[PDB]
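Take a look at the structure set out below.
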Amino acid sequence: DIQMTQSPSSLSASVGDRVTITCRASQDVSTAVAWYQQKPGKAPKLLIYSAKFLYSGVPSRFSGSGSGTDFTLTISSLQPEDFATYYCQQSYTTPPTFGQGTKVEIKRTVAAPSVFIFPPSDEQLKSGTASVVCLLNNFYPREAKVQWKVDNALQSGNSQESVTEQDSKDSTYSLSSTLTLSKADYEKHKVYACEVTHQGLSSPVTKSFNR
Amino acid sequence: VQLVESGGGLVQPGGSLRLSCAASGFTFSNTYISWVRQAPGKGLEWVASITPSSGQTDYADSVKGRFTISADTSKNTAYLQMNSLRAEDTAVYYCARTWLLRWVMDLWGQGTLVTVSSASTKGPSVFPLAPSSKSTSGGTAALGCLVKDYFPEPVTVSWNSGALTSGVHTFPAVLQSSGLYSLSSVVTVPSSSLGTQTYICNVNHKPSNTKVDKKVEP
Amino acid sequence: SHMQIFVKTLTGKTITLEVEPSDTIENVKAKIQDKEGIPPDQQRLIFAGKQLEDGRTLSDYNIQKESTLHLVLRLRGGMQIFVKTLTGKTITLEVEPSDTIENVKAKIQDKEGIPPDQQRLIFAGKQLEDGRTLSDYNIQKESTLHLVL
C-alpha cells in the first residue's frame with residue numbers, strides 16, 4: 001500500500017485568504033493524484049484529478065500542482081463554502097489510498113466560552129441516574145479543558161465530552177461535558193463543580209451547585 | 001444524476017448484511033463502481049471495486065474474504081454483501097462512480113450507516129435541562145434536552161418544531177460503554193423570554209419508532 | 001491538410017483539437033491527455049460507433065474536418081472467456097473488456113484458422129457486432145460465446 005500523508009492535519013484561515021495544502025506519497029506516483037472535498041454529514045466531492053485537472057462544476061479558485069511525491073492543493077481566495085475537510089488520493093496503483101485529511105477552519109480572535117451547569121433531572125433520578133451536564137458555549141479555538149469534582153474529588157473516565165462543528169455564523173465551538181453517575185452515588189454527595197480552562201479565560205472558571 | 005444507497009442498518013457481530021447502490025441519470029456502461037467507507041471520526045477507506053460490464057472485482061485486504069461486491073447491470077445497481085461483520089466494520093458506506101480514469105471517484109452517493117453491535121434497538125429517554133440561575137449569563141439564559149440511552153444512530157432533534165433554530169446547538173452523539181448512544185441539544189435564549197415563551201425539544205428516533213416532545217420549564 | 005476535430009466528454013464538455021489526417025490515434029490521445037488529463041491507455045475514442053484503435057490513424061477511419069468524437073472510459077483488466085463452436089469444441093481466449101468483437105474474431109482466426117467472414121459470435125441469444133466491445137455486451141469473465149459456425 002502506498003501511503004499518502006497530508007500536511008497540516010488542520011489549518012485556520014480567514015475568508016479571502018490564500019490556502020495551500022500539501023500531499024506526500026511514500027513513493028513516486030507521477031501525476032496520479034486526486035483531491036476531494038467533504039463536509040460534516042455529507043459525501044465527498046471530486047475537485048482535482050491527475051494532479052492539476054479541474055473536475056466539472058469546480059470553481060476556478062481551486063488549483064492543483066506537483067508530480068512524483070510532492071503535490072499541493074491551492075485555493076486562491078478562500079470562501080465561506082470552502083471551509084471543509086480535504087482528502088488527497090493516489091490512483092497510480094492498487095489499492096487506491098487516501099490521505100488522513102486536512103481540515104480548513106475559519107479564523108477569528110480568541111473568544112471566552114460561556115460556562116453553564118445543569119444538575120441531574122428529578123424525573124431522571126426516578127430511574128437510576130444520576131447525570132449532570134456542563135456546557136461551554138461559543139468559544140475559540142476549540143481547545144478547552146473541562147474537569148469534574150464530586151465534593152472536590154476529581155472525576156475521570158466517567159464523563160464524556162462532545163464538540164460541535166464550527167458555527168457558520170460566528171465561527172465558534174461548543175463543548176459539553178456530561179457526568180453520569182448512579183442514583184445511589186449522587187445522593188452521597190452535594191457539591192458538583194465544573195472547572196474550565198481556555199485561552200479566553202485568564203483563569204480557570206468553575207461553575208458548581210448544591211444537590 | 002446521482003447514486004442512491006440503501007440496505008445499511010443494525011447488525012450483530014459475525015452477522016450478515018447487504019448494501020445497494022442504484023444509479024440515476026447514468027448507466028454502468030463504461031464505468032467502475034466502488035465502495036468506500038468512513039469510520040466515525042475517521043477518514044476514507046476504499047472497500048472494493050467492480051467492473052459491472054465484466055464482473056471483474058477488487059478488494060481491500062482488511063475485507064478481502066468476508067465481503068462480496070456484485071452488480072446488476074440490467075438495472076445499473078451495485079451491491080455489497082457483507083458477511084462476518086465486525087465492530088470495526090462500523091462506518092458510513094459510500095458507493096462511487098468512476099468514468100474518467102481508474103480509481104478516481106467522480107460521483108459519490110448520499111451514504112448509508114452500517115453499525116455492528118450486540119446492543120439491540122432501544123428508544124431514548126428524554127430528560128430536560130431546565131434553565132436556572134446556573135444556566136444564565138446576563139441577558140441570555142440557556143436550556144437543553146438530554147437524549148440518553150438510544151440505539152442505534154441516529155436521532156433528530158428540533159426546537160419548537162423547526163420554528164426555533166437560532167442559537168441551537170445539537171451535539172454529536174457519544175457511544176456509552178453500555179453500547180448505547182447519548183447526547184444533548186442546547187439553545188441560548190434571551191433571559192426574559194422565559195415564562196413568556198414555551199420551549200419544546202422534538203426528539204425523533206426512527207430505529208425504535210420513538211417520537212417525543214419534551215417541554216423544558218425553568 | 002490541417003484539420004479541426006471535436007471531442008465530447010462524459011461531463012457535458014466538447015474539446016477542440018488541432019490535428020492532421022496522418023496523426024495516429026495514440027498521438028491524438030496524447031493531445032487529449034494534455035487537455036483533459038486522462039491517460040491515453042484509459043481513453044476510448046468513438047466515431048460513428050467505431051472504436052479508434054492504436055497503431056491506426058485518423059485517415060484510416062475517414063475522419064474529416066469538424067467530425068465529432070466521443071470520449072468514454074476504456075475499461076481495462078485481463079480476463080478469460082470461452083468460445084464454443086456450435087459443433088462444438090471450446091477454446092479459451094485472453095481478453096480485456098475494451099477488446100472489440102472484431103478483435104476477438106482475429107484471435108479466433110489465429111488459433112482455429114477460421115476466416116473472420118465466416119465467424120458469427122452469439123451470446124444471450126444475440127449476435128455480436130464487430131464494431132462494439134465485449135463491455136458493450138456485458139460479457140462477464142468466464143463467459144461462453146457461441147461461434148457460428
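Scheme for the C-alpha cells: letters A, B, ... for chains in order shown; per-chain residue numbers from 1; ligand numbers from 1 in order shown.
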Kindly determine which residues of chain C lie within 9 Å of chain A, considering only C-alpha atoms, and give the answer as a ChimeraX atom specification. /C:11-13,35-39
- Message: Could you tell me which residues of chain C sit within 6 Å of chain B when counting only C-alpha atoms, and give me the result as a list in words?
- Response: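 The selection requested is residues 73, 135, 138, 139, 140 and 141 of chain C.
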Taking only C-alpha atoms into account, which residues of chain A are within 8 Å of chain B, as a compact mmCIF listing (two decimals) with N, CA and C atoms, in the first residue's frame?
```txt
# COMPACT_ATOMS: atom_id res chain seq x y z
N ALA A 34 -5.56 12.71 -6.88
CA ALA A 34 -6.85 13.39 -6.92
C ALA A 34 -7.16 14.05 -5.58
N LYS A 42 -21.92 14.77 4.99
CA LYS A 42 -22.08 14.78 3.53
C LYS A 42 -21.02 13.94 2.82
N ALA A 43 -21.35 13.49 1.61
CA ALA A 43 -20.41 12.70 0.82
C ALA A 43 -19.34 13.59 0.20
N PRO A 44 -18.15 13.02 -0.04
CA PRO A 44 -17.04 13.75 -0.65
C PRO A 44 -17.36 14.14 -2.09
N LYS A 45 -16.68 15.16 -2.59
CA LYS A 45 -16.82 15.57 -3.99
C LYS A 45 -15.44 15.66 -4.63
N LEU A 46 -15.35 15.25 -5.89
CA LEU A 46 -14.10 15.37 -6.62
C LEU A 46 -13.82 16.83 -6.96
N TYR A 49 -8.20 16.18 -10.35
CA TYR A 49 -7.73 14.85 -10.72
C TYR A 49 -6.51 14.96 -11.63
N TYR A 55 -12.16 19.16 -12.05
CA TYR A 55 -13.37 18.42 -12.42
C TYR A 55 -14.50 19.40 -12.70
N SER A 91 -4.22 7.43 -7.58
CA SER A 91 -4.90 6.50 -8.47
C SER A 91 -3.86 5.82 -9.34
N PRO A 95 -3.79 -1.01 -3.98
CA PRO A 95 -5.11 -0.40 -3.79
C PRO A 95 -5.02 1.12 -3.75
N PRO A 96 -6.08 1.81 -4.20
CA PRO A 96 -6.13 3.28 -4.10
C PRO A 96 -6.14 3.69 -2.64
N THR A 97 -5.38 4.73 -2.30
CA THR A 97 -5.24 5.15 -0.91
C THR A 97 -5.42 6.66 -0.73
N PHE A 98 -6.10 7.04 0.34
CA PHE A 98 -6.36 8.44 0.66
C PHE A 98 -5.41 8.92 1.75
N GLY A 99 -5.30 10.24 1.89
CA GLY A 99 -4.55 10.83 2.98
C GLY A 99 -5.41 10.89 4.24
N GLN A 100 -4.81 11.30 5.35
CA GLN A 100 -5.54 11.34 6.62
C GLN A 100 -6.54 12.49 6.65
N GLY A 101 -6.35 13.47 5.77
CA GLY A 101 -7.24 14.60 5.68
C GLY A 101 -6.65 15.88 6.25
N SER A 114 -18.85 30.58 27.36
CA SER A 114 -19.84 30.83 28.40
C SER A 114 -20.20 29.52 29.09
N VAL A 115 -19.80 29.37 30.34
CA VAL A 115 -19.98 28.11 31.06
C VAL A 115 -21.32 28.04 31.79
N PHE A 116 -22.00 26.90 31.65
CA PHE A 116 -23.27 26.68 32.31
C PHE A 116 -23.31 25.27 32.91
N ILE A 117 -24.07 25.11 33.99
CA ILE A 117 -24.14 23.82 34.67
C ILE A 117 -25.59 23.36 34.89
N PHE A 118 -25.86 22.11 34.53
CA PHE A 118 -27.20 21.55 34.65
C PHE A 118 -27.21 20.32 35.55
N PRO A 119 -27.75 20.46 36.76
CA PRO A 119 -27.88 19.34 37.70
C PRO A 119 -28.77 18.24 37.13
N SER A 121 -31.75 15.41 36.53
CA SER A 121 -33.18 15.64 36.40
C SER A 121 -33.96 14.84 37.44
N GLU A 123 -36.97 13.70 37.31
CA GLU A 123 -37.59 12.59 36.60
C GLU A 123 -36.57 11.54 36.19
N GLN A 124 -35.33 11.98 35.97
CA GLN A 124 -34.25 11.07 35.64
C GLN A 124 -33.87 10.22 36.85
N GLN A 160 -18.20 12.04 29.44
CA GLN A 160 -17.92 12.05 28.01
C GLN A 160 -18.17 13.43 27.41
N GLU A 161 -17.20 13.91 26.63
CA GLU A 161 -17.29 15.24 26.04
C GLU A 161 -17.76 15.18 24.59
N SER A 162 -18.16 16.33 24.06
CA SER A 162 -18.63 16.43 22.68
C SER A 162 -18.51 17.85 22.17
N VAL A 163 -17.82 18.01 21.04
CA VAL A 163 -17.61 19.33 20.44
C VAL A 163 -18.38 19.46 19.14
N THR A 164 -19.08 20.58 18.97
CA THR A 164 -19.84 20.83 17.75
C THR A 164 -18.92 21.28 16.61
N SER A 174 -18.56 24.63 20.63
CA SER A 174 -19.33 24.36 21.84
C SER A 174 -19.02 22.96 22.36
N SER A 176 -19.57 20.04 25.44
CA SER A 176 -20.46 19.60 26.50
C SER A 176 -19.84 18.46 27.29
N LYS A 207 -18.04 26.38 37.67
CA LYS A 207 -19.48 26.53 37.86
C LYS A 207 -20.04 25.34 38.61
N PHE A 209 -22.77 23.70 41.93
CA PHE A 209 -24.08 23.82 42.57
C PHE A 209 -24.15 22.89 43.77
```
ask   = Could you work out how far atom CA of residue 116 of chain C lies from atom CA of residue 133 of chain C, giving the answer in Å with one decimal?
value =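 About the pair atom CA of residue 133 of chain C and atom CA of residue 116 of chain C: they are 15.8 Å apart.
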Across A:20, A:93, A:178, A:131, the smallest distance to residue 63 of chain A, with only C-alpha atoms counted, is shown by A:20
| request: From a DSSP calculation on the backbone, collect every residue of segment 4-37 of chain C in strand (DSSP E or B) and output the set as a list in words. | output: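 Checking each residue of segment 4-37 of chain C, the strand (DSSP E or B) ones are residues 4, 5, 6, 7, 8, 9, 13, 14, 15, 16, 17, 18, 19 and 24 of chain C.
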*For residue 202 of chain B, list every protein, DNA or RNA residue within 8 Å, evaluated using only C-alpha atoms, and leave out those in the same chain fewer than 2 positions away; present the list as a ChimeraX atom specification.*
/B:156-161,200,204,211-214
key: Residue contacts of segment 63-68 of chain C (10 Å, only C-alpha atoms) excluding same-chain residues fewer than 4 positions away, as a PyMOL selection string   = chain C and resi 1-8+14-17+19-21+46-48+57-59
Give me a file of those residues, with N, CA, C and O atoms, as a PDB file, in the first residue's frame.
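Final output, saved to selection-v2.pdb:
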```
ATOM      1  N   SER C   1      -3.620  18.078 -45.108  1.00  0.00           N
ATOM      2  CA  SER C   1      -4.150  19.405 -44.821  1.00  0.00           C
ATOM      3  C   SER C   1      -4.698  19.455 -43.396  1.00  0.00           C
ATOM      4  O   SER C   1      -5.484  18.595 -42.996  1.00  0.00           O
ATOM      5  N   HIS C   2      -4.276  20.462 -42.635  1.00  0.00           N
ATOM      6  CA  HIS C   2      -4.665  20.580 -41.232  1.00  0.00           C
ATOM      7  C   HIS C   2      -6.168  20.421 -41.033  1.00  0.00           C
ATOM      8  O   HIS C   2      -6.954  20.628 -41.958  1.00  0.00           O
ATOM      9  N   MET C   3      -6.564  20.063 -39.815  1.00  0.00           N
ATOM     10  CA  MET C   3      -7.950  19.713 -39.548  1.00  0.00           C
ATOM     11  C   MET C   3      -8.346  19.944 -38.090  1.00  0.00           C
ATOM     12  O   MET C   3      -7.536  19.770 -37.179  1.00  0.00           O
ATOM     13  N   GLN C   4      -9.595  20.346 -37.883  1.00  0.00           N
ATOM     14  CA  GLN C   4     -10.143  20.502 -36.540  1.00  0.00           C
ATOM     15  C   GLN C   4     -11.130  19.385 -36.228  1.00  0.00           C
ATOM     16  O   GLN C   4     -12.001  19.074 -37.039  1.00  0.00           O
ATOM     17  N   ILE C   5     -10.990  18.784 -35.052  1.00  0.00           N
ATOM     18  CA  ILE C   5     -11.930  17.761 -34.607  1.00  0.00           C
ATOM     19  C   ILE C   5     -12.459  18.087 -33.215  1.00  0.00           C
ATOM     20  O   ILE C   5     -11.828  18.824 -32.454  1.00  0.00           O
ATOM     21  N   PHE C   6     -13.622  17.533 -32.888  1.00  0.00           N
ATOM     22  CA  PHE C   6     -14.277  17.824 -31.620  1.00  0.00           C
ATOM     23  C   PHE C   6     -14.442  16.563 -30.786  1.00  0.00           C
ATOM     24  O   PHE C   6     -14.903  15.536 -31.282  1.00  0.00           O
ATOM     25  N   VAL C   7     -14.067  16.645 -29.514  1.00  0.00           N
ATOM     26  CA  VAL C   7     -14.172  15.500 -28.619  1.00  0.00           C
ATOM     27  C   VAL C   7     -15.102  15.794 -27.449  1.00  0.00           C
ATOM     28  O   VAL C   7     -14.760  16.560 -26.546  1.00  0.00           O
ATOM     29  N   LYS C   8     -16.281  15.183 -27.468  1.00  0.00           N
ATOM     30  CA  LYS C   8     -17.227  15.340 -26.374  1.00  0.00           C
ATOM     31  C   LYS C   8     -16.901  14.388 -25.230  1.00  0.00           C
ATOM     32  O   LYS C   8     -16.656  13.200 -25.445  1.00  0.00           O
ATOM     33  N   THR C  14     -17.132  19.726 -24.682  1.00  0.00           N
ATOM     34  CA  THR C  14     -16.607  19.419 -26.010  1.00  0.00           C
ATOM     35  C   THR C  14     -15.269  20.108 -26.272  1.00  0.00           C
ATOM     36  O   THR C  14     -15.176  21.332 -26.262  1.00  0.00           O
ATOM     37  N   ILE C  15     -14.232  19.311 -26.508  1.00  0.00           N
ATOM     38  CA  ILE C  15     -12.889  19.853 -26.688  1.00  0.00           C
ATOM     39  C   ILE C  15     -12.496  19.951 -28.164  1.00  0.00           C
ATOM     40  O   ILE C  15     -12.827  19.080 -28.967  1.00  0.00           O
ATOM     41  N   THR C  16     -11.796  21.027 -28.512  1.00  0.00           N
ATOM     42  CA  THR C  16     -11.324  21.226 -29.877  1.00  0.00           C
ATOM     43  C   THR C  16      -9.865  20.802 -30.009  1.00  0.00           C
ATOM     44  O   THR C  16      -9.021  21.185 -29.199  1.00  0.00           O
ATOM     45  N   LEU C  17      -9.577  20.007 -31.034  1.00  0.00           N
ATOM     46  CA  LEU C  17      -8.226  19.514 -31.264  1.00  0.00           C
ATOM     47  C   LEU C  17      -7.702  19.931 -32.635  1.00  0.00           C
ATOM     48  O   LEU C  17      -8.432  19.906 -33.626  1.00  0.00           O
ATOM     49  N   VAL C  19      -5.401  18.767 -35.455  1.00  0.00           N
ATOM     50  CA  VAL C  19      -4.779  17.518 -35.884  1.00  0.00           C
ATOM     51  C   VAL C  19      -4.507  17.463 -37.385  1.00  0.00           C
ATOM     52  O   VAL C  19      -4.839  18.387 -38.128  1.00  0.00           O
ATOM     53  N   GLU C  20      -3.890  16.367 -37.810  1.00  0.00           N
ATOM     54  CA  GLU C  20      -3.648  16.092 -39.219  1.00  0.00           C
ATOM     55  C   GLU C  20      -4.145  14.682 -39.506  1.00  0.00           C
ATOM     56  O   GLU C  20      -4.135  13.831 -38.618  1.00  0.00           O
ATOM     57  N   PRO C  21      -4.587  14.429 -40.746  1.00  0.00           N
ATOM     58  CA  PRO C  21      -5.070  13.095 -41.120  1.00  0.00           C
ATOM     59  C   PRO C  21      -4.036  12.007 -40.831  1.00  0.00           C
ATOM     60  O   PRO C  21      -4.405  10.866 -40.546  1.00  0.00           O
ATOM     61  N   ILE C  46     -14.639   7.092 -29.695  1.00  0.00           N
ATOM     62  CA  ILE C  46     -15.712   6.542 -30.515  1.00  0.00           C
ATOM     63  C   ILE C  46     -16.061   7.473 -31.670  1.00  0.00           C
ATOM     64  O   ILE C  46     -16.151   8.688 -31.496  1.00  0.00           O
ATOM     65  N   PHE C  47     -16.258   6.893 -32.850  1.00  0.00           N
ATOM     66  CA  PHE C  47     -16.692   7.653 -34.015  1.00  0.00           C
ATOM     67  C   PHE C  47     -17.657   6.834 -34.867  1.00  0.00           C
ATOM     68  O   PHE C  47     -17.285   5.798 -35.418  1.00  0.00           O
ATOM     69  N   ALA C  48     -18.898   7.305 -34.959  1.00  0.00           N
ATOM     70  CA  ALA C  48     -19.928   6.634 -35.748  1.00  0.00           C
ATOM     71  C   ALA C  48     -20.243   5.239 -35.218  1.00  0.00           C
ATOM     72  O   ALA C  48     -20.923   4.453 -35.879  1.00  0.00           O
ATOM     73  N   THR C  57      -4.516   5.529 -37.877  1.00  0.00           N
ATOM     74  CA  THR C  57      -4.524   6.983 -37.986  1.00  0.00           C
ATOM     75  C   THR C  57      -5.945   7.482 -38.205  1.00  0.00           C
ATOM     76  O   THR C  57      -6.862   6.692 -38.428  1.00  0.00           O
ATOM     77  N   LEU C  58      -6.120   8.797 -38.140  1.00  0.00           N
ATOM     78  CA  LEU C  58      -7.428   9.408 -38.327  1.00  0.00           C
ATOM     79  C   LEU C  58      -7.968   9.131 -39.723  1.00  0.00           C
ATOM     80  O   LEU C  58      -9.159   8.882 -39.900  1.00  0.00           O
ATOM     81  N   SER C  59      -7.082   9.176 -40.713  1.00  0.00           N
ATOM     82  CA  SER C  59      -7.474   8.951 -42.100  1.00  0.00           C
ATOM     83  C   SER C  59      -8.022   7.543 -42.315  1.00  0.00           C
ATOM     84  O   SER C  59      -8.913   7.337 -43.139  1.00  0.00           O
TER      85      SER C  59
END
```
In terms of only C-alpha atoms, the residue from B:10, B:17, B:87, B:1 at minimal distance from residue 153 of chain B is B:10
